[PDB]
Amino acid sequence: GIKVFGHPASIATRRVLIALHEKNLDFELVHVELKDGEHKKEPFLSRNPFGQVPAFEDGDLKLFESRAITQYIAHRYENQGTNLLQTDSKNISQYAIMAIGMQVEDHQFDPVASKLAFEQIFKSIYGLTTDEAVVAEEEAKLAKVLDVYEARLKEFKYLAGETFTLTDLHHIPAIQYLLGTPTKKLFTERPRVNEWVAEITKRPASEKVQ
């Protein structure tokens, strides 16, 4: 079967889950206890030597790294449920556009969004003090990336074209967390970005992981 070895609150794990719900696939979430340092010990290390979640299995195929996993799903199960690739998934040029988008959330958006969620959400649970200077700084970085999405979105319905793809999907887990933080202003204040966010988070697959 298809099993995801991960933790339900992690952004990366959620990214896989949504791809799975989008394709309407049956899978099993095998819970890895981050809290007891499970991700840092055998046998988990055997699934991912870099000791991070998620890890994944489709029958005899074993994968780790969430971007790689979602790409595998979009292709292996292409014609099942929602196609997560470009409408013309044969066109290398169209595909190049989406691959830049995936590359961009990875380098520009994600490290920023993750630091911001760590600061305002993870810390909260354990009563740790949020660094106000870090959060103002990271928000400076985010707005910057968001001004880019804003201009892009003034010409295309979604980031990679007129269709929802892996590029948009990849941004859901982190945005869902930031929307319940005062960082939501950066999304709400930019018209085209706000609407884009409304669309991707209102999807039922997106809703299935919160």
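For clarity, a rigid core is taken as the largest C-alpha set superposing within 1.5 Å between two forms. All residue numbers refer to positions in the sequence shown, first residue = 1.
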| item | value |
| --- | --- |
| Stretch departing more from the displayed form, 120 to 128 or 80 to 88, Cα RMS in 5 other deposited structures of this protein (core fit) | 120 to 128 |
| Higher C-alpha RMS shift from the shown form in 5 other deposited structures of this protein - 32 to 40 or 66 to 74, rigid core fit | 32 to 40 |
| Entry-level comparison of average CA B-factors, 89 to 97 and 117 to 125, reporting the higher stretch | 89 to 97 |
| Mean C-alpha B-factor comparison - 66 to 74 and 177 to 185, higher one | 177 to 185 |
| Most elevated Cα B-factor in the entry, residues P49, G161, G37, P54 | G161 |
| Among modelled residues of the same chain, the CA temperature factor third for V209 | highest |
| Modelled-residue ranking by C-alpha temperature factor, third containing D131 | highest |
| Lowest, middle or highest third - CA B-factor, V197 | middle |
| Chain-relative CA temperature factor third for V32 | lowest |
| For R152, the third of its chain into which the C-alpha B factor falls | middle |
